[PDB]
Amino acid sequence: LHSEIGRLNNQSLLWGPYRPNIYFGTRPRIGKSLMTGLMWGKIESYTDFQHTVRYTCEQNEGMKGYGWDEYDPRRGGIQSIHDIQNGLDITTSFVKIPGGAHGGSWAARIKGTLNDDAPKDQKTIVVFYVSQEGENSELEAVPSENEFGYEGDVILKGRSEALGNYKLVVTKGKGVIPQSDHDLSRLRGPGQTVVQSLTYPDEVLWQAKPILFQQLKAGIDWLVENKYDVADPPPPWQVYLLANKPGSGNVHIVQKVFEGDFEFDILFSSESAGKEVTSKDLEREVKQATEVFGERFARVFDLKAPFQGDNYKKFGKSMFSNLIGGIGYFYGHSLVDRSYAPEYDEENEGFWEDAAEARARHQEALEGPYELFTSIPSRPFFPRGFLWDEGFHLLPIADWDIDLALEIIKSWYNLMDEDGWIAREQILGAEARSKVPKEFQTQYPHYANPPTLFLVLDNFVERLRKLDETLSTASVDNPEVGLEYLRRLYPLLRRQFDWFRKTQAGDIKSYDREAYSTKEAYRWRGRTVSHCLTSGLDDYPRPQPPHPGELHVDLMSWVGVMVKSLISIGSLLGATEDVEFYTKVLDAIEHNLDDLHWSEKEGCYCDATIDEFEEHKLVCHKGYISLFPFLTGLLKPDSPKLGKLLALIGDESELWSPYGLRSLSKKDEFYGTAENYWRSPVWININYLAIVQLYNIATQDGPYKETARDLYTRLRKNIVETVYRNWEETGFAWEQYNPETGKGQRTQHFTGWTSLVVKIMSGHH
């Protein structure tokens, strides 16, 4: 039954609009296969189109906003794009029709509506770009009945091992096609849908904008040769219409020009299913998907008081839809330093200078290929998997579709190398690499990242202990399936546990350090003077200088999160020799948290270092770090230490803003300093952890239950209203929120862990 549900998830999920890096295109979960993409651009002049044309997601003064109104990766959804520069509001409805043996069929409708400020007679160039990768695969444009191009539909017939036989139809569409009076109409026609079928070496098929422009340029060059000039030039929209040349190729450019409003359909028919897909089919199965997205959302995300309002329901569907609509499939080579230099051991004082030397050896090699199906922080800025980001992305996605979340976790853990390392940033392939400056591309097998995926796995276990509809929950509804998932994954869970303890080890036994345990101390590898990137809290203030002495309280707390899941899972699998080792290490961490990290002076947990005179010195920087034992669910609900932490959270003068918890205390000396990334601003992912933990303490007998109810109630409201107010006035989820004003700052379209806000509103944790 496990392998049965396996094949059915494969078949349910294969197709999707899995290129979140571009405004609109589709690819299946297959490295070398069929890919599509949408480009559009107003043409007002002979030189403007190269500047106006749209393909890969950006965010500037040109673009008001864009994202999914609804989306389910299994069914599809609707995206709206609000383009100021091109005077255009576009809709991209996308829908999957299950059937046959090759992962179903699909269809899309592209509707452009000119906005009020746009010329009523604007000419918009639109392209559907189609590539196929493979040795033994074929894609051919069925030629036109007319001489110069197509009066109606464009039929692409194609085949591969992966997809079998399929046909891909770019429909005639509704809308006015401008006609040219010029002499050139005798040779290129007056204006019609055109196709160019070409072939390039597979590894450059993705570079669609340069490939398109090479043909536009070749058509312009032909004009200049064939005596067409400024005495009598054709209209620009005809200068940029490609000479029709359909046929065989691994690249097919379908080009339309529209005057005013336009729409047109894309129809993918798997021959291995029944009859081919029609435009009437698209209209029906879109409407039916809206209904299903409708029903599911009210059940899965039932927003509790005071956010049951329709305004907050709109906001929820948006924050959710952009989060789950960011799901991509990525395929190709990681850049890695597999040199494992001695300098990356970070055992010297000045280890950061040593580690700079090793990196300037430039021994990083391409390796793979690898595949990853994952959600992303940001379509425009960060369209790729980030390890600790995905822990948060999947909290809401698990609610929606636990089997989708386990599928993504499975994809991530299939990346783990022999030693137990998963790179924290997954830049899979030349396309992925094109968005990342060379400086940030190379990964390092000593660079860790918080294990937040365990938190999703924790939530899976609690759900276990206690057809699209069917398939979303199959892995809890059928307990033996759930367990076999865990049985296969468990060894990699354990391997990762073991890999932290070997590579991210703190040094007790070498220093004037006493403690209940000589094993349990951790220090993040990878840290520079100002930064500790691998923690996730890029520029949070840390012991100066950085030092092999350091112990980092957040790291220890993450190992606590891992060990508690290991126990819960292990005990469902009867890993008895293991469950005792785990219990003994949990016991040691709890004690060693206090012995190495608790400060009575300052009334919070702290990082540690080693002094100019070689004693163990606590370094206290009131903020997110200071709370970590609490945020990770590690403190008993009666603890005095929890109590002092609850004071620190609630105190306006330290951490408590009207807009949520500050990264760092206004009293701390590093408040608002340097890049001020994690040194004041409000971050929804760490606030979400506090909100969850406060609700735990609040629905329980103990001394703090009543405080924790005021703080939960208030923080939930402060976080949600800040993200909501900013969504209302700017159309965006933001990476972080200003502690002084509540304004969204840094990067837009951060969905992204800012979408955690849907689950905050939903409550009943």
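Heads up, when I say rigid core I mean the largest set of C-alphas that superpose within 1.5 Å between the two forms. Residue indices: 1-based, along the sequence shown.
- Across the superposed structures in 9 other deposited structures of this protein, aligned by the core, the stretch whose Cα atoms lie more distant on average is 434 to 442, chosen from 434 to 442 and 351 to 359.
- In this entry, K466 and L467 are separated by 10 or more residues of the deposited sequence that lack coordinates.
- A summary of the deposited B-factors shows that, of 388 to 396 and 359 to 367, the stretch with the larger mean C-alpha value is 359 to 367.
- Across the two stretches, 576 to 584 and 536 to 544, the PDB entry reports the greater mean Cα temperature factor for 576 to 584.
- Within the group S131, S657, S665, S144, the record's highest C-alpha temperature factor is found at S144.
- The top Cα temperature factor in the record, among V720, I30, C57, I697, falls on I697.
- Remark: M35 belongs to the middle third of its chain, ranked by C-alpha B-factor as recorded.
- Among the modelled residues of its chain, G87 has a C-alpha B-factor that falls in the lowest third, as given in the PDB entry.
- For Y490, the recorded CA B-factor ranks within the highest third of the chain. Only modelled residues enter the ranking.
- For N348, the recorded CA temperature factor ranks within the highest third of the chain's modelled residues.
- The entry lists a Cα temperature factor for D153 that places it in the lowest third of the chain's modelled residues.
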